[PDB]
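An overview of the molecular structure
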Amino acid sequence: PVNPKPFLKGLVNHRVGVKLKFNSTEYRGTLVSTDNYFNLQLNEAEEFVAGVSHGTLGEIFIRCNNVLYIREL
Amino acid sequence: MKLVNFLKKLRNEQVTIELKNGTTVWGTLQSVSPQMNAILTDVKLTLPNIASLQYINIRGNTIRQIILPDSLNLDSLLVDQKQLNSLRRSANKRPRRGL
Amino acid sequence: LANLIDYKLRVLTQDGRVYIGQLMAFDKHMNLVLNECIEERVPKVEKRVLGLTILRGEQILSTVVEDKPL
Amino acid sequence: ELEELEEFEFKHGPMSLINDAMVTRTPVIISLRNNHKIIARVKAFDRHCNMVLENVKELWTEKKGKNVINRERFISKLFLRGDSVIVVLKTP
Amino acid sequence: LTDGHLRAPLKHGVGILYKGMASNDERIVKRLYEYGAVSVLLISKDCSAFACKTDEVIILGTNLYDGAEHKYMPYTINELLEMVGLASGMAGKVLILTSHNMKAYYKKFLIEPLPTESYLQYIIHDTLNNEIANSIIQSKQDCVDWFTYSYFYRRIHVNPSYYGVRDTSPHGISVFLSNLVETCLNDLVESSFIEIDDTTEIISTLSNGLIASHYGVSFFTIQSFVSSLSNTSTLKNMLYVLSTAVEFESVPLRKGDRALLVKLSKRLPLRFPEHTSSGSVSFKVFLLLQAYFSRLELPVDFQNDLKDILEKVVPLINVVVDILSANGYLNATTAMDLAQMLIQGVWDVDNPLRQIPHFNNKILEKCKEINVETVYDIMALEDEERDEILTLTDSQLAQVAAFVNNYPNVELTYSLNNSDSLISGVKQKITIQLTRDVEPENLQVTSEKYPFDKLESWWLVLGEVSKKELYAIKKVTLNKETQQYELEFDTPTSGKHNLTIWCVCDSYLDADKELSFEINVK
Amino acid sequence: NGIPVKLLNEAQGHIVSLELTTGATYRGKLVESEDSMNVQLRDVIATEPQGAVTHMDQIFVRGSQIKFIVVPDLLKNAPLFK
Amino acid sequence: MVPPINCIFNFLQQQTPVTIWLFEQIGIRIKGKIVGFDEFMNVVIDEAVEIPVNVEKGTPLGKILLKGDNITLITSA
Amino acid sequence: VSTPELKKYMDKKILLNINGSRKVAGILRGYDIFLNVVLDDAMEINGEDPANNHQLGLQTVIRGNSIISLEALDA
RNA sequence: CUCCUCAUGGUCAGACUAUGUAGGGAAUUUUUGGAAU
């Protein structure tokens, strides 16, 4: 079985974006690491609010609980 | 380690707790439970016009943040649990020293 | 919390409603049983006599000492 | 052994941002659930992202009967719950 | 303004003196004293060896703290003597600030001579091990006759009550002494240092006692190494084992070193085993080795302790790698890597580039700019590129050049006697030809973070990777440019056998030259 | 287990009222109460926050969704006074 | 009369397109094929699409890991 | 972990009300320790008038954490 | 301080109760938030 954890491991070292449940924020950046409870670490991160670029944040930590989904970009 | 222990250290301290609902609390911590349930005395409380209350017990999950006095010694309070863990963990040639 | 036993206490709920009753018992989850408990909403206005009630610990915000035990 | 593995996973995981914050004494900015932000230095952290923050500057946005205005205040000694954390950003 | 606080105290006429200082700064202080600029000088205990002639001396406190003891302990009367030699007049003046309990001890043994005694009774295990290894003492009779030469012997006769020998007489001495040496021998045979068999009596030496006695490591340290070290052990475990030793009794701690060790542990690559004690000097040794591998900015207090540790470790780490060889585990590779790390000061995986003297982050990046991986590519580089990479002072450039020169590109070749005829359980001699780039003028090893001087050496290694079995090893000092060395090594069991030879330097990292070959044994 | 869980198990067979996180009130006879506060209820009269009232035969609501219960006063005697 | 994890497993084998109702959000629902799942009901979903109901439009998202906490109601289309 | 006693509700048509003021009707099929439910002949009752047959025989799964309450249509 | 787990000593026919250098109180029914506007 291909589990979310292996898919995410293969997703490490790749450009990703993460849509939070609020949808008030999306984060596009390289996926540095993810822990067993699925917190997210991104680098060179960019914030897209309402689909528009808000700004370039950089090395960023995303609380697991806020993540709606992650997709590869 | 566990920051809740750091809160346990905070008895008899005057603090202002902001809460998730936005409520502001001002009072002297009598104790905090490990749940981070905080019991305080001589509390002025402002819901989002202050109410003065002898004792207030707050459920830990409702606590947004607690603002501590600037006089507090964080260097001293933070390092405890590691020392406690070390204490829990704890031939001829003995005297390198002589006469 | 054990000192508060049998006292008349005021509990503030998650929704902002105010319940007042005698605290007979608690538990780990902070589920409280309140004897002769009444509800106040706005502050007396909109006061209702509920009677014996359990309250969930997930809903409870805070409790304060209202009056002495019966 | 179990303790070792937990500390290590913490070190190489996403947690490395707040670990790096404590060791370098660098400022980080935390977007919270109250729609308030906390830029401060990380004195202590926890698995729950409970934090002791020093030199806190919190910034927020308020609306009035005219143009939106930003408001901010300084809190030198601040302790923070772990659930209010939406995001912890580390930057230059 | 080196010694970051030495400025403000010295500016008002009180100087600071302690070991580990910037030497220039220390010298300035001393000069002020001699010229009279500073009338007062505060010297820490360990600097009694630096003898600054004084008109008067004050000794403040007779009690110094060591963590290992877990309480303050008063100074040696020896230290106080070295502390009173400094002052002479118009009249020699010595103030000694002491307790009431220590008053009668210092007031007597300073004015009246020091009664001298002998502590051999503690080290007898190690000493007798050494004698047996040198094979001067063939039997127990031989050892007793050897104990006839001891200052201990004379002492036990004049003052038998001090050593616990109740009978005072020629027969009593003889009996007590033979008891002591007998106990010693039981510890050694139980610990596999020697073996004793009846035919006067015959005593023989094993591989453990050989190395232990040769390097001079104490009996107890060796026994600890034996108990902990097994197969499939990791590098962390090896490092712990290294940290637990009796040689580190002489590394001092007052309360701050230990608390600061706790604070430092956040920043370190490894984590001390949970079932031993933090206050023990072993934990401190562990963290200071961590701070040696990662170059932290250490307090000048800890620099001295690091230096002491380094003065001890090289024999100890040699013993660690060799004892694993004696137990025939192929994991001695990791011990070798650790020894390299101790000689140099860098990790194996972290970066090979940092090994070259005086490299830091920025300079390493230029190496990534020219896309260099190993050190051998630096040897092929020419002067203009080197000048571009390093802009620095001349002494440092010179040391780097010497590093590059004496670090050989040496090639590993073997010649086997018979590849066709391979018999199981026979002593099979191989002749390995080794050849060096440049023939050395001298073998000096160059490292900044390891102040003491080292001569380079090499280990030749043969073993099979999957079984984690090391078949053969030998140490060589290569003075010539090209040599041949013969490993007499027993062959494995029948069938196909992978045999991988390493040439691993004791000093320099990323020198590992390997050749893999497989033979079919019958 | 919880002492209020123990009381709530005593409340089985009585007529109780339930307020859920939505605010709807269900009054009826409590069939069954699990340890997780999941409750099975009979012959329920329901009052919505809008004020509309309905009748239903068998209802079962999750523990987590219950704001609070009101149980009859008979139980107040004992043995929770200790 | 089958456990829900087994139901999700037959979605997995059949590779049917799946519509997930999220939590406290009626406006948008997510759709796509279940290529795998874990014990926390986090789902890797391929050729996923966001479907705002408010004729329906949607955003093609490609491969997605959706967290199980959002899951309200898993379905097939 | 406790298992809800839903066996009395098995193979019965029930109306689940769910978070977000959502309401679905279907025959109870499976459940688990998690209160997660499998419903067959699932019919969504939208806010307006109509109802859609989402899962006739293909059934559906509802997260027990999203289940507000469950009404038994039968006896 | 509280609940659970574990250990334990006791009592009763798994439960209860004292103590503990113990483990714990972030993945669906409670305390590491679906809230925010």
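Heads up: these notes are all about the structure in this document. (Residues numbered from 1 in each chain as written, not as in the entry; some residues may be left out. Chains lettered and ligands numbered in written order. Part of a larger assembly, values for the part shown. Heavy atoms only, no water. Residues with missing side-chain atoms left out of burial classes, pairs and counts.)

Section: the overall build of chain C
From N to C terminus, chain C includes zero helices and five strands. Secondary structure elements in chain C, listed N-terminal to C-terminal, are β-β-β-β-β. Relative to the compact-globule value of 11 Å for 70 residues, chain C shows a C-alpha radius of gyration of 11 Å, a close match. Judged by the C-alpha coordinates and their principal axes, chain C covers about 30 × 30 × 20 Å. (Helix = DSSP H or I, 4+ residues; strand = E, 2+ residues; numbered from the N terminus. Rg over C-alpha atoms; globule rule 2.2 N^0.38 Å.)

Structural notes on the sheet that holds strand β10 (residues 427–435) of chain E
Hydrogen bonds along the backbone pair up the strands of a sheet, which may run parallel or antiparallel. Residue and element names in this part refer to chain E. Reading across the sheet, the three strands line up as β9-β10-β15 and stay open at both edges, with antiparallel pairing between neighbours. Edge positions in the sheet fall to β9 (411–416) and β15 (482–490), since each of these pairs with one other strand and no more. Sheet twist, expressed as the average angle between the axes of neighbouring strands with direction ignored, equals 25°. Strand direction decides the pairing type here: β9 and β10, joined by six bridges, are antiparallel. The partner of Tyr 414 across the bridge, within β10, is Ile 432. (Pairing = 2+ DSSP bridges. Axes fitted to C-alpha atoms, helices over the stretch in contact; angles between N-to-C directions.)

As for the interface of chain A and chain D
Facing 11 residues of chain A, the contacting portion of chain D comprises 10 residues. Looking at which element gives the most residues to the side of chain A that touches chain D, the answer is strand β4 (residues 52–62) of chain A, with six residues. Partitioning the side of chain A that touches chain D into residue classes produces five nonpolar, four polar and two charged. (Contact = heavy atoms within 4.5 Å. Nonpolar A, V, L, I, M, F, W, Y, C, P; charged D, E, K, R; others polar.)

Considering the interface of chain A and chain G
On the chain G side, the residues contacting the nine residues of chain A number 10 residues. Tallying contributions element by element places strand β5 (residues 67–72) of chain A first for the side of chain A that touches chain G, with six residues. Looking at the side of chain A that touches chain G residue by residue, the classes come out as six nonpolar, one polar and two charged. Two strands pair when backbone bridges link them, and β5(A) and strand β4 (residues 59–66) of chain G are joined in this way by three bridges, in the antiparallel orientation.

Some thoughts on the sheet that holds strand β16 (residues 495–505) of chain E
All names here are of chain E. Strand order in the open sheet made by the four strands is β14-β13-β16-β17, with antiparallel pairing throughout. Strands with a single pairing partner mark the edges of an open sheet, and in this sheet they are β14 (469–476) and β17 (513–521). If you compare each strand with its neighbour and ignore which way they point, the axes differ by 20° on average. Strand direction decides the pairing type here: strand β13 (residues 458–464) and β16, joined by six bridges, are antiparallel. Within the sheet, the bridge partner assigned to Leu 462 lies in β16 and is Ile 501.

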